[PDB]
Structures are given as C-alpha cells and as structure tokens.
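Down below is the structure, laid out as structure tokens.
2 protein chains.
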Amino acid sequence: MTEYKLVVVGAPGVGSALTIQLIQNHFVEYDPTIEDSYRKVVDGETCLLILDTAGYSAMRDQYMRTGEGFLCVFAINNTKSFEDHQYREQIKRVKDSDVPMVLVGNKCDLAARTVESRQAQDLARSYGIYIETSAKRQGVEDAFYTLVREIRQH
Amino acid sequence: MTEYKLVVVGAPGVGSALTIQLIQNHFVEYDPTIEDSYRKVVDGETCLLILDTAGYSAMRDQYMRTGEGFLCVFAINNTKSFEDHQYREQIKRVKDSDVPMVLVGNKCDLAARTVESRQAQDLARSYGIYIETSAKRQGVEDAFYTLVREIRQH
Ligand SMILES: Nc1nc2c(ncn2[C@@H]2O[C@H](COP(=O)(O)OP(=O)(O)O)[C@@H](O)[C@H]2O)c(=O)[nH]1
Ligand SMILES: Nc1nc2c(ncn2[C@@H]2O[C@H](COP(=O)(O)OP(=O)(O)O)[C@@H](O)[C@H]2O)c(=O)[nH]1
Numbered sequence: 001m002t003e004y005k006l007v008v009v010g011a012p013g014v015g017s018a019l020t021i022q023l024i025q026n027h028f029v031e032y033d034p035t036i037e038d039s040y041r042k044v045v047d048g049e050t051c052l053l055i056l057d058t059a060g064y065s066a067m068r069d070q071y072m073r074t075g076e077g078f079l080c081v082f083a084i085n086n087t088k089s090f091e092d094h095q096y097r098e099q100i101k102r103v104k105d106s107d109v110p111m112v113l114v115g116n117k118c119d120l121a122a123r124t125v126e127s128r129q130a131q132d133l134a135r136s137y138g139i141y142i143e144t145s146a147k149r150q151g152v153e154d155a156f157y158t159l160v161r162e163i164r165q166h
Numbered sequence: 001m002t003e004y005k006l007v008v009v010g011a012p013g014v015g017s018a019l020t021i022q023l024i025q026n027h028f029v031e032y033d034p035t036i037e038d039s040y041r042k044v045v047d048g049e050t051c052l053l055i056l057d058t059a060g064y065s066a067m068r069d070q071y072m073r074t075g076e077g078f079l080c081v082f083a084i085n086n087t088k089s090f091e092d094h095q096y097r098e099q100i101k102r103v104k105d106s107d109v110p111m112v113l114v115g116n117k118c119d120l121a122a123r124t125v126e127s128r129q130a131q132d133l134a135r136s137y138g139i141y142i143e144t145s146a147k149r150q151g152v153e154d155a156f157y158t159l160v161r162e163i164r165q166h
C-alpha cells in the first residue's frame with residue numbers, strides 16, 4: 001500500500018475537524035487531541053489516506073520528524089493564524106529542509123476575514139505552494157488531495 | 001475583475018464537456035467546437053471562470073498565443089491520449106516557454123484503462139506538475157481550480 005505519513009501542526013483555536022468531514026465523514031463538541039492519528044480511498049492513486058495534533065516543548069519536536077506533509081491550517085480570517094509562518098520554520102528546522111507544504115486557510119462561512127484571502131496569497135507567492144475551507149464539506153478533500161499532489165512530486 | 005485566459009487543446013475523441022459539468026453545469031449528444039469560448044465564481049479568489058477547441065494547420069497556432077494555462081486532457085485509458094506530450098511542445102513552441111500546465115486524464119468510470127494512472131504519473135514526475144475526471149461531476153472543478161492554483165504562481 002502506497003501510503004503517505006503527513007501531518008498538520010496549527011494556530012490557536014480553529015479546527017482535527019477539516020478531515021472530520023472526511024475519515025469519519027461528517028461534521029461534529032469535543033475538543034481535540036493528543037496526537038489522534040488514524041489511517042484510511045482512490047485521482048486514481050492507491051493511498052491509505055492524517056495524524057491530528059493540538060490547537064509542545066519536546067513532543068512537537070518528536071512526532072514531527074516522521075512527516076511528509078505539514079500543510080498547516082489556520083482560519084482565513086484570524087489575526088494570529090497565517091501569522092502563526095510561525096509554524097513553518099520549525100518544520101524546516103526539524104527535517105532540515107528549506109518541504110511538503112501548502113497554506114490552508116480555514117473558515118469562510120462565518121463572515122469576518124482580517125486575513126483577506128488575497129493577503130496570505132502573497133505569502134503563497136514567495137512560498138510557491141493557499142486554500143479556504145469548512146467541514147460543515150466542499151474544498152476540504154480538494155486541498156488534502158492537493159496535498160497528495162505535491163508529495164508524489166517530492 | 002481578476003480573470004484568467006487559459007485554454008485546453010487535446011487528444012482525438014474524449015471530452017468541451019469536463020467544464021460542461023460546470024459553466025452551464027450539467028452533463029450533456032452534440033459534437034463540439036469551433037473555438038467555443040465563454041466566461042463565468045469564488047478558494048476565496050475573485051475570478052471570471055474556458056475557451057474550448059476541437060477534438064489546426066494555422067488556427068491552433070493562432071488562438072493559442074493568448075493563453076495562460078493549457079493543461080490538456082485525454083481519457084486515462086486511451087492509447088493515443090497522453091501519447092498525444095504530442096500536444097505539449099507546440100504550446101512550449103508558441104509562447105516560447107519551456109508553462110502553465112497539468113496532466114489531466116479523463117474518464118475512469120468506464121472500466122478499461124491502458125493508461126494506468128500511475129503510468130502517466132512518471133510523465134508527471136519529470137514535468138513536476141496529473142488528474143482523472145468525468146462530467147456525468150467530482151474532481152472536474154478540483155482540477156481546473158487546481159489550474160487556478162499554479163497560474164497565480166506564474
Ligand atoms: N465556522 C466554522 N467552524 C468550523 C469549521 N471547521 C471546523 N469548525 C469548528 O472548529 C472548532 C475548534 O477547533 P479544534 O477542532 O479544536 O482545532 P485545533 O485547536 O486547531 O486542533 C470547533 O468548534 C468546530 O465545531 C469551519 O470551516 N467553519
Ligand atoms: N464515459 C465518459 N464520457 C464522458 C466523460 N466526459 C465526457 N464524456 C463524453 O465525451 C464525448 C466526446 O468528446 P467531445 O466532447 O467531443 O471532446 P473533444 O473531441 O476532445 O473536443 C461525449 O460522448 C461525452 O458524452 C467522462 O468522464 N466519461
């Protein structure tokens with residue numbers, strides 16, 4: 001089985018849940035984490053489709073060394089969320106690789123966006139590798157299937 | 001209006018129609035083309053969402073010079089379809106750019123695939139930029157939204 005041990009680390013209070022509209026495949031109360039992993044589909049590829058982790065003194069710098077995709081997420085709206094890049098360098102520090111990523115911005119149903127989409131998009135244009144999403149279903153597969161896309165290219 | 005004058009050129013008898022499950026937004031008899039264009044949504049971006058063209065002595069090498077995305081398609085199954094690369098160089102010859111592309115393979119509902127997905131995937135791994144799809149709805153937005161993705165990066 002062609003598999004893919006990815007992960008996402010993330011900013012303080014936004015969403017386990019994008020993939021919750023997906024492994025288990027619904028929208029769920032319950033705060034997450036510990037490192038709640040689980041394995042589980045076919047663009048024609050044979051994969052085992055995510056290891057969730059909290060919204064880290066040691067431990068973050070432990071369980072992360074066995075990842076091939078930390079395309080973090082934040083709410084595309086929250087004012088310490090892309091701002092929390095702040096989670097990019099340390100993945101580039103753990104697996105000393107200047109790495110399998112994408113800018114996912116959560117939540118554009120609830121109105122307020124300080125983070126104008128096209129604002130974190132210039133952040134994408136230095137990086138080269141963005142997204143907007145919500146479990147309560150579109151676009152979430154999209155992006156982690158997009159994940160599936162650059163790591164074959166890796 | 002941030003727009004995107006893309007296009008797709010293509011192999012001999014496969015599908017106008019991926020986007021037909023989309024502009025007009027359904028699955029349609032009717033052979034295509036002439037250069038049947040039409041303009042027409045929001047990952048949070050403001051675009052004008055495709056110029057169809059036939060399944064070319066001059067003319068192909070005419071209307072193509074005003075394109076920013078020819079992520080051709082073929083059926084991921086048909087034995088003169090990725091084989092028809095054969096449509097890659099001439100886009101790299103028109104806009105002398107060694109360019110905004112992706113390997114889209116159509117049709118994996120009807121069984122037979124000679125083109126094993128993971129076969130044209132090594133074709134993707136030289137290229138760096141694949142897909143599998145069907146109008147009769150999933151994945152087609154996916155990929156041309158994926159189109160929307162690399163050309164901001166361009
Ligand atoms: N409005 C909105 N709520 C969402 C969306 N996706 C998930 N949720 C909510 O996200 C919340 C909190 O985040 P959590 O799951 O604890 O993530 P973490 O702290 O970053 O690990 C829960 O209240 C969910 O009900 C979304 O797209 N939109
Ligand atoms: N089985 C199948 N038929 C499709 C799919 N998408 C489109 N069609 C069919 O594609 C056919 C022929 O292609 P056409 O639209 O003429 O494309 P072009 O010659 O390459 O410009 C029509 O018979 C459609 O009904 C698909 O995903 N699966």
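Just so you know, the protein sequences line up as chains A and A', in that order. A prime marks a further copy of an entry chain. Quick note on numbering: the first sequence equals residues 1 to 15, 17 to 29, 31 to 42, 44 to 45, 47 to 53, 55 to 60, 64 to 92, 94 to 107, 109 to 139, 141 to 147, 149 to 166 in the deposited numbering. Quick note on numbering: the second sequence equals residues 1 to 15, 17 to 29, 31 to 42, 44 to 45, 47 to 53, 55 to 60, 64 to 92, 94 to 107, 109 to 139, 141 to 147, 149 to 166 in the deposited numbering. The beta-carbon is built from N, C-alpha and C at its ideal position, and this holds for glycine as well.
Item: Own chain, CB closer than 7 angstroms to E31 (chain A'), minus 5 neighbours either side, in chain order; Value: none
Item: Same chain, Cβ closer than 8 angstroms to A122 (chain A), neighbours up to 5 away in sequence not counted; Value: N85
Item: Cross-chain neighbours of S127 (chain A') in chain A, by beta carbon under 8 angstroms; Value: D47, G48 and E49
Item: Element boundaries [alpha helix (DSSP H), containing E162 (chain A')]; Value: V152 to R164
Item: Rounded distance between the beta-carbons of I21 (chain A') and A146 (chain A'), thought under 8 angstroms; Value: 6 angstroms
Item: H166 (chain A') to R128 (chain A) span [Cα, whole Å]; Value: 15 angstroms
Item: Under 7 angstroms from the C-beta of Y141 (chain A'): neighbouring residues of chain A; Value: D47
Item: Run of the beta strand (DSSP E) containing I142 (chain A'), from where it starts to where it stops; Value: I142 to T144
Item: Assumed close pair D38 (chain A'), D69 (chain A') - CB separation to whole angstroms, cut-off 8 angstroms; Value: That belief does not hold up - the Cβ atoms of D38 (chain A') and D69 (chain A') are roughly 19 angstroms apart, past 8 angstroms.
Item: Closer than 7 angstroms: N116 (chain A') CB and nearest ligand 2 heavy atom; Value: yes
Item: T74 (chain A'), DSSP secondary structure in three states; Value: helix
Item: Any non-hydrogen atom of ligand 1 within 7 angstroms of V45 (chain A') CB; Value: no
Item: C118 (chain A) at chain A' interface by Cβ criterion, 8 angstroms; Value: yes
Item: Three-state class that DSSP yields for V103 (chain A') in the structure shown; Value: helix
Item: Contact belief for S89 (chain A) with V112 (chain A) at Cβ below 8 angstroms, rounded distance in angstroms; Value: Contact flag wrong, Cβ pair sits at about 15 angstroms.
Item: Residues near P34 (chain A) in its chain [Cβ-Cβ closer than 7 angstroms; skip 5 each side]; Value: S17, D57, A59 and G60
Item: Cβ-Cβ distance between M67 (chain A') and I100 (chain A') below 8 angstroms; Value: no
Item: Burial state of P12 (chain A), where buried means 16 or more other Cβ atoms lie within 10 Å; Value: exposed
Item: Coil, strand or helix - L19 (chain A) by DSSP; Value: helix
Item: Residue span of the alpha helix (DSSP H) that contains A130 (chain A'), given as start and end; Value: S127 to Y137
Item: Classification of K117 (chain A) by the beta-carbon crowding that lies within 10 angstroms, buried from 16 upward; Value: buried
Item: Residue span of the beta strand (DSSP E) that contains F82 (chain A), given as start and end; Value: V81 to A83
Item: Continuous beta strand (DSSP E) stretch holding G60 (chain A): start and end; Value: No beta strand (DSSP E) holds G60 (chain A); DSSP gives it neither H nor E.
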